Each structure stands twice: as structure tokens, then as C-alpha cells.
Amino acid sequence: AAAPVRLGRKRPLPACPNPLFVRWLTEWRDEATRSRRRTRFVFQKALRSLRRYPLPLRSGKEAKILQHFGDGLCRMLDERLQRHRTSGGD
């Protein structure tokens, strides 16, 4: 039906398993790879660091405190949450 994610109980486990964050980061990850730009490397590392951090990410501010998120990333990801929030939130 959908693409089977090859997963498991392998470590390091994702400290942020939040379906909102997990999805939109993976969407923009494959899109950053699709763009073939520098945005690929900086975003993929930012994705790792976001889901590496066991913090209560409920807003874009908890993404801003990561220095692995560049100023450009902190903008676009804060907007990703905000636009979807105004669209319904779920």
C-alpha cells in the first residue's frame, strides 16, 4: 500500500518519534536530495540532530535551539508547523 520502512530495535533509537516531525523532516529530506543542493547535507544532519535530541518538540522554537538547523532551516521548519497548524493541526 505504502513504501515499507525498513526499521527495528536497532540503536541509536529515535528520541523524537512524533509522526508530525518524523514525516515532514523525511519529506523535505528526500526533496533536499531531489534538489541535489547543499541543503541535502545540512538538512539530513539537522534531521539526525532533531530526532537525536530527547526534548519536548511542540513548536519551531525547540528546532531553533539546534545549531545544526541553519537560519534558513529554522525559518522553513517553523513555517511547516505553523501552516499545518492553521490548516487544522491534524
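J.: In this structure, what is going on with the state of the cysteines? I would like to understand it.
T.: What makes a disulfide is a covalent bond joining the sulfur atoms belonging to two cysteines. On inspection of all chains with the given rule, the structure shows 0 disulfides. Lacking any disulfide linkage, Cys16 is separated from the closest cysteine sulfur, that of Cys74, by 15 Å.

J.: Sorry, what's going on with the pattern of salt bridges here?
T.: A pair can form between side chains of opposite charge whenever their charged atoms are brought close. Tallying each qualifying case throughout the model produces 6 salt bridges. Between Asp30 and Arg29 there is a salt bridge whose closest N-O contact spans 2.9 Å. The class for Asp30 is partly exposed, based on a relative accessible area of 41%. Here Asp78 ties to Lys64 by a salt bridge, and the two come within 2.9 Å at their closest N and O atoms. Of this pair, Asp78 sits in helix 4 (residues 71–87) while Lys64 is found in helix 3 (residues 61–64), placing the two residues 14 residues apart along the sequence. We classify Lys64 as partly exposed; its relative accessible area is 38%.

J.: Looking at this structure, how should I read helix 2 (residues 39–52)?
T.: Helical geometry note: an α-helix holds 3.6 residues per turn, so side chains three or four residues apart project in the same direction. Taking 1.5 Å per residue as the helical rise, helix 2 with its 14 residues ought to reach 20 Å, and the 19 Å between its terminal C-alpha atoms agrees with that figure. Looking only at helix 2, the buried set comprises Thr39, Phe43, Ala46, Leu47, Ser49 and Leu50. Looking at the buried side of helix 2, the elements it contacts are helix 1 (19–35), helix 3 and helix 4.

J.: Which parts of the structure should I look at to understand the packing of aromatic side chains?
T.: Geometry of an aromatic ring pair is reported as the spacing of the ring centres plus the angle between the planes. By the definition in use, this model includes 1 aromatic pair. A ring pair is formed by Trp28 and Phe43, whose centres lie 6.2 Å apart and whose planes are at 15 degrees; its orientation type is stacked. One end of the pair, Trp28, is in helix 1; the other, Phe43, is in helix 2, and 15 residues separate them in sequence.

The rules behind these values
Note on numbering: positions run from 1 along each chain as its sequence is written and may not match the entry's numbering; residues without coordinates are not listed. The side-chain figures draw on all heavy atoms in the structure; neither hydrogens nor water molecules are used. Two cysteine sulfur atoms make up a disulfide if the distance between them is within 2.5 Å. A pairing counts as a salt bridge when a side-chain nitrogen of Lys or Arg comes within 4 Å of a carboxyl oxygen of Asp or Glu. Relative accessible area decides the class of each residue, using a 1.4 Å probe on protein chains only: under 20% of the type maximum gives buried, over 50% gives exposed, and in between gives partly exposed. For the purposes of this entry, the term helix denotes a DSSP run of H or I that reaches at least four residues, the term strand denotes a run of E that reaches at least two, and both are numbered from the N terminus. To estimate how far a helix should reach, multiply one less than its number of residues by 1.5 Å. Only heavy atoms enter the contact rule, under which two residues are in contact if any of them lie within 4.5 Å. Only centres within 6.5 Å qualify two rings of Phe, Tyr or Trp (six-membered ring in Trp) as a pair; their planes then separate them into stacked at under 30 degrees, edge-to-face at over 60, and tilted for everything else.

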